[PDB]
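Trainee: Just one file: protein07.txt, with compact mmCIF, C-alpha atoms and all ligand atoms.
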# COMPACT_ATOMS: atom_id res chain seq x y z
CA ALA V 1 140.96 89.32 143.51
CA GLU V 2 137.37 88.30 142.78
CA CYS V 3 136.88 88.88 139.09
CA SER V 4 133.72 86.93 138.30
CA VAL V 5 130.12 86.79 139.62
CA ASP V 6 127.43 84.11 139.27
CA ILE V 7 124.01 85.72 138.85
CA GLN V 8 120.62 83.97 138.49
CA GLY V 9 117.39 85.05 136.78
CA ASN V 10 114.25 83.21 137.85
CA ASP V 11 110.59 82.53 136.75
CA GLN V 12 109.45 85.27 139.09
CA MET V 13 111.27 87.99 137.15
CA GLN V 14 114.09 88.56 139.75
CA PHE V 15 117.89 88.42 139.83
CA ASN V 16 119.32 86.74 142.92
CA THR V 17 121.53 89.80 143.55
CA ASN V 18 121.06 93.63 143.39
CA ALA V 19 124.69 94.70 143.61
CA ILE V 20 127.92 93.78 141.83
CA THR V 21 131.42 94.69 143.07
CA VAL V 22 134.19 94.79 140.46
CA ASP V 23 137.54 94.55 142.24
CA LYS V 24 139.77 97.25 140.65
CA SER V 25 142.87 95.06 140.40
CA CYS V 26 140.85 92.96 137.88
CA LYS V 27 141.97 93.36 134.27
CA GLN V 28 138.71 91.66 133.26
CA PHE V 29 135.41 90.79 134.92
CA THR V 30 133.06 87.85 134.16
CA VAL V 31 129.33 87.56 134.71
CA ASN V 32 127.91 84.04 134.62
CA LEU V 33 124.16 84.30 133.96
CA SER V 34 121.88 81.30 134.51
CA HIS V 35 118.11 80.84 134.59
CA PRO V 36 116.68 78.43 137.19
CA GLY V 37 112.98 77.50 137.05
CA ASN V 38 110.59 76.01 134.57
CA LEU V 39 109.75 78.70 131.90
CA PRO V 40 111.00 79.08 128.29
CA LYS V 41 112.82 82.01 126.63
CA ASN V 42 109.74 83.47 124.86
CA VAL V 43 107.85 83.60 128.17
CA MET V 44 110.54 84.72 130.63
CA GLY V 45 113.90 85.29 128.89
CA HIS V 46 116.52 87.20 130.85
CA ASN V 47 119.71 88.86 129.83
CA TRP V 48 122.32 90.80 131.77
CA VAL V 49 123.21 94.25 130.42
CA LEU V 50 125.68 96.91 131.63
CA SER V 51 125.46 100.68 131.01
CA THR V 52 126.03 103.96 132.90
CA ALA V 53 123.13 104.76 135.26
CA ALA V 54 122.09 107.68 132.99
CA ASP V 55 121.96 105.44 129.85
CA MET V 56 119.83 102.66 131.36
CA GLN V 57 116.40 104.19 130.52
CA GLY V 58 117.11 104.77 126.84
CA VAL V 59 118.89 101.43 126.44
CA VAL V 60 115.77 99.76 127.94
CA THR V 61 113.30 101.84 125.84
CA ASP V 62 115.12 101.35 122.53
CA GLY V 63 115.64 97.70 123.55
CA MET V 64 111.97 96.95 124.15
CA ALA V 65 111.18 98.35 120.67
CA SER V 66 113.94 96.21 119.04
CA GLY V 67 112.22 93.10 120.35
CA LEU V 68 112.82 89.52 121.44
CA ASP V 69 114.53 88.48 118.19
CA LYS V 70 117.09 91.27 118.70
CA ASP V 71 117.58 90.02 122.27
CA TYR V 72 115.63 93.12 123.48
CA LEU V 73 118.54 95.44 122.63
CA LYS V 74 119.13 98.04 119.94
CA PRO V 75 121.83 96.50 117.68
CA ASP V 76 125.31 98.08 118.11
CA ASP V 77 123.96 100.36 120.88
CA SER V 78 127.09 102.19 122.00
CA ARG V 79 125.68 102.76 125.49
CA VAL V 80 125.92 98.99 126.01
CA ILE V 81 129.23 98.32 127.79
CA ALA V 82 128.84 94.52 128.07
CA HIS V 83 125.86 92.18 127.55
CA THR V 84 124.76 88.57 127.49
CA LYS V 85 122.29 86.92 125.11
CA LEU V 86 118.68 86.23 126.12
CA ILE V 87 118.34 82.91 127.98
CA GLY V 88 115.35 80.76 128.98
CA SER V 89 115.26 78.25 131.77
CA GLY V 90 117.92 75.59 131.91
CA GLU V 91 120.13 77.78 129.76
CA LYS V 92 123.21 79.85 130.55
CA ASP V 93 125.52 82.57 129.13
CA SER V 94 128.62 84.46 130.26
CA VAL V 95 130.10 87.85 129.28
CA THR V 96 133.64 89.10 130.14
CA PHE V 97 134.51 92.75 129.73
CA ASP V 98 137.59 94.93 130.27
CA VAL V 99 137.66 96.80 133.60
CA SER V 100 139.35 99.78 131.83
CA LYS V 101 135.84 100.37 130.38
CA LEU V 102 134.73 101.52 133.83
CA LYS V 103 135.62 104.91 135.29
CA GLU V 104 135.92 106.64 138.64
CA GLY V 105 133.07 109.13 139.31
CA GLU V 106 130.60 107.37 137.06
CA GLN V 107 127.72 105.22 138.26
CA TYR V 108 126.97 101.89 136.57
CA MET V 109 123.74 99.93 136.45
CA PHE V 110 123.24 96.34 135.47
CA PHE V 111 119.77 95.12 134.38
CA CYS V 112 117.71 92.82 132.21
CA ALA V 113 116.40 94.48 129.10
CA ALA V 114 113.56 92.09 128.39
CA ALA V 115 110.24 93.85 127.96
CA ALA V 116 109.30 95.43 131.32
CA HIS V 117 111.75 93.32 133.41
CA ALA V 118 114.05 96.14 134.60
CA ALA V 119 110.99 98.30 135.48
CA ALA V 120 109.98 95.41 137.78
CA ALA V 121 113.41 95.65 139.52
CA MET V 122 115.54 93.22 137.52
CA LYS V 123 118.49 95.62 137.88
CA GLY V 124 121.15 96.55 140.41
CA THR V 125 124.36 98.49 140.96
CA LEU V 126 127.79 97.88 139.54
CA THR V 127 130.72 99.29 141.51
CA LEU V 128 134.49 99.47 141.02
CA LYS V 129 135.77 98.68 144.54
CU CU V 201 114.64 89.39 132.51
Once more with this new file: its structure as structure tokens, please.
Mentor:
Amino acid sequence: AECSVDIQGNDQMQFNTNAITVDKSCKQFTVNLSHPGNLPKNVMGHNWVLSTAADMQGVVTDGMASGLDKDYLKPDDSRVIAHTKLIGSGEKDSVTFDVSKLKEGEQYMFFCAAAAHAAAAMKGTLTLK
């Protein structure tokens, strides 16, 4: 069982992967976010957020309005399944979530919720496989 994933966010506003597989024997799953490159958090902060595919838009829209000091997410947003904090370069964060939070016949999206980042394709698929 592969129950973690190491994902990178760079200075060019991209993740180094577009698709996560969550093995369904996993009781928990861990995302290790890191930020290579040379740019601070207020310039090019990244976070990793999980929601259903349907919820992504609203989570992003409400998140952008909440701002950088709220880590670009609406506080307590119930559409947020799991999330990291906002990180700048040279920084890192992990999240671990329960796999029982995912369901068959739902589609899941991961993304960064920093202003306009997900619109520029900092996002990808999350699949129970
Ligand atoms: Cu980002």
Trainee: One number please: CA of residue 77 in chain V to CA of residue 96 in chain V, in Å, one decimal.
Mentor: 17.5 Å
Trainee: May I ask which of the residues V:102, V:26, V:114, V:44 is the closest one to residue 74 in chain V, counting only C-alpha atoms?
Mentor: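 When distances to residue 74 in chain V are compared using only C-alpha atoms, the smallest one comes from V:114.
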Trainee: Could you report the residues within 10 Å of ligand CU 201 (chain V), using all atoms listed in the file, as a PyMOL selection string?
Mentor: chain V and resi 9-15+35+41+43-48+72+86-88+111-118+120-123
Trainee: What's the separation between CA of residue 99 in chain V and CA of residue 63 in chain V, in Å to one decimal place?
Mentor: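 Value for the CA of residue 99 in chain V-CA of residue 63 in chain V distance: 24.2 Å.
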Trainee: What's around residue 50 in chain V at 8 Å? Count all atoms listed in the file, leave out sequence neighbours fewer than 5 positions away in its own chain, and write the answer as a PyMOL selection string.
Mentor: chain V and resi 80-83+108-111
Trainee: Would you work out the distance separating CA of residue 60 in chain V from CA of residue 8 in chain V, expressed in Å to one decimal?
Mentor: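 Between these atoms lies a distance of 19.6 Å.
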